[PDB]
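Visitor: quick one, structure for this:
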Amino acid sequence: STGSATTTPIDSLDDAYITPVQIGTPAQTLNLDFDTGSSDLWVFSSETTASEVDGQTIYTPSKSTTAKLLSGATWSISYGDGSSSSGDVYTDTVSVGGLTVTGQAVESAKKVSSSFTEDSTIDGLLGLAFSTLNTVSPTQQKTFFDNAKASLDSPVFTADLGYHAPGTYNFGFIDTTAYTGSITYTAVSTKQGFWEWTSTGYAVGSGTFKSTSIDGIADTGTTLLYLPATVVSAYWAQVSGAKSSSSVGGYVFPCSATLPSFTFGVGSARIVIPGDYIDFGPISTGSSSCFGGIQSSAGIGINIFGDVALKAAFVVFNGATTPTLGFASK
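Guide: Numbers count the residues shown, from 1 in each chain. There you are, the coordinates:
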């Protein structure tokens, strides 16, 4: 089997991407944030504290003839951005782009933090990291990908995120029309539960490539590119007037600037992030200070190849017995 679904930016900045997901019988379609940095499929629901729901579409398990309470199971998750959610668990039928999994754990939120409430466009998350990170207790549950894997034509999914435009998540096949050149594959460590890999270096604009190992995670659920302070300083030094602002919470730059590209290495291959992808717009409405899309990972504890990086590539998440990651230009 295979599946193919379009993923759409939630706003004009590509702050996140939502993908429609069918849950239950008859189908209830919710728009979920596919997150290769976590491993829980959780949704706003009829059980979510009413004051914490503001415009989201909810899953109502009592209206699904295939929903079953997973007795005694609870979940609770905290994300790198300080947001969180928790609740109980149902199993139900879940389909993405024509690919169906029966008996998928659907984690129903009883509570969500303010950042989730405040984002009316995201109805929940669909985790695509390794199932070892799944938070369900006392019986850990599998991700949608892990459940689908054996049925897929090939044990892979791909992320093809758009810049200010829709893109595609495919399951079970590699669309050879969706990228240019060849796909370069690179090793993955699953030791921390992430799609963790080592970039071979970087360049700023038309500058020379610096060969240096940068360990980090391919994370579709993180907006920006978080890299070591040395790398980030070298990038922003090429933008007149750019500075790190403790009050704003990262590097800002004059909105009048033209940003240089940023290149990262994948083995001997190179992925070029155009400068415009690094612009996250005014820090507040009407400001002439703009927020940068490349930020320091210092104090995160891990480097994160988030959407800023991934949307410059066609990315293969290869879930074969020994997982790997592939990157192509597009």
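
Visitor: so who does residue 108 touch?
Guide: 42-43, 45-48, 59, 61, 87-90 (Cβ atoms under 8 Å, 6 or more residues apart in numbering). Every C-beta, even on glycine, is put in place using the N, C-alpha and C of the backbone.

Visitor: residue 81 contacts residue 115, doesn't it?
Guide: Yes - applying Cβ atoms under 8 Å, one finds residue 81 in contact with residue 115, separated by 7.1 Å.

Visitor: next SSE after the host helix or strand of residue 29?
Guide: Using DSSP states H and E, residue 29 falls within strand 28-35. As assigned by DSSP H and E, the chain's next helix or strand after strand 28-35 is strand 41-43.

Visitor: keeping just the C-alphas, turn the next helix or strand along the chain from that next one into CSV.
Guide: Downstream of strand 41-43, the next assigned helix or strand under DSSP H and E is strand 68-78. Coordinates of the C-alpha atoms in strand 68-78 are reproduced here as CSV (Å, rounded to 0.1, in the frame of the first residue of the first chain):
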residue,chain,number,x,y,z
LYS,A,68,-12.5,1.8,21.6
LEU,A,69,-11.2,3.1,24.9
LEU,A,70,-7.7,1.8,25.6
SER,A,71,-8.5,1.1,29.2
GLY,A,72,-6.2,2.6,31.8
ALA,A,73,-4.0,4.3,29.2
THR,A,74,-2.9,7.9,29.7
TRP,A,75,-0.4,10.2,28.0
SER,A,76,1.4,13.5,28.7
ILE,A,77,3.9,15.2,26.6
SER,A,78,6.0,18.3,26.7
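
Visitor: mind listing what's buried along strand 68-78?
Guide: Within strand 68-78, the residues that qualify as buried are 70, 73, 75, 77, counting by 16 or more other Cβ atoms under 10 Å.

Visitor: tell me what it is packed against?
Guide: If contacts are counted by 3 or more Cβ pairs under 8 Å, 6 or more residues apart in numbering; DSSP states H and E, strand 68-78 sits against strand 84-96, strand 99-112.

Visitor: neighbours around residue 86, how many?
Guide: 18 (other Cβ atoms under 10 Å).

Visitor: what helix or strand does residue 145 sit in?
Guide: Going by DSSP H and E, residue 145 is part of helix 144-148.

Visitor: dump the helices and strands packed on strand 68-78 into TSV; add distance to residue 160 as well.
Guide: Output for those, formatted as TSV (distance: least, Cβ to Cβ, whole Å):
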stretch	distance to residue 160
strand 84-96	15
strand 99-112	16
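
Visitor: to residue 263, which of those lies closest?
Guide: strand 84-96 (32.2 Å; Cβ to Cβ).

Visitor: how far off centre is that closest one?
Guide: Offset of strand 84-96 from its chain centre (Cα atoms, centre = their mean, to the nearest Å): 18 Å.

Visitor: kindly export it (C-alpha atoms) in PDB.
Guide: Provided in PDB are the C-alpha atoms of strand 84-96 (Å, rounded to 0.1, in the frame of the first residue of the first chain):
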ATOM      1  CA  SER A  84       2.300  20.500  26.500                       C
ATOM      2  CA  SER A  85      -0.800  18.300  26.400                       C
ATOM      3  CA  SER A  86      -2.200  15.200  28.100                       C
ATOM      4  CA  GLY A  87      -5.200  12.900  28.200                       C
ATOM      5  CA  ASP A  88      -6.500   9.400  27.700                       C
ATOM      6  CA  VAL A  89      -6.400   7.000  24.700                       C
ATOM      7  CA  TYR A  90      -8.600   5.400  22.100                       C
ATOM      8  CA  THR A  91      -7.800   3.000  19.300                       C
ATOM      9  CA  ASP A  92      -9.500   3.800  16.000                       C
ATOM     10  CA  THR A  93      -9.100   3.600  12.300                       C
ATOM     11  CA  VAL A  94      -6.800   6.400  10.900                       C
ATOM     12  CA  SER A  95      -6.200   7.100   7.300                       C
ATOM     13  CA  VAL A  96      -3.700   9.500   5.700                       C
END
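
Visitor: counting by contacts, list what it packs against.
Guide: strand 3-9, strand 17-23, strand 41-43, strand 68-78, strand 99-112.

Visitor: which residues sit against the shortest one?
Guide: For strand 41-43, the external contacting residues (Cβ under 8 Å, 6+ apart) are 23, 30, 32, 58-59, 75, 77, 85, 87, 94, 104-109, 123-127, 143-144.

Visitor: can we see that at 7 Å?
Guide: 30, 59, 75, 85, 104-109, 123-127, 143-144 (Cβ atoms under 7 Å, 6 or more residues apart in numbering).

Visitor: got the contact list for residue 130?
Guide: 39, 190, 193.
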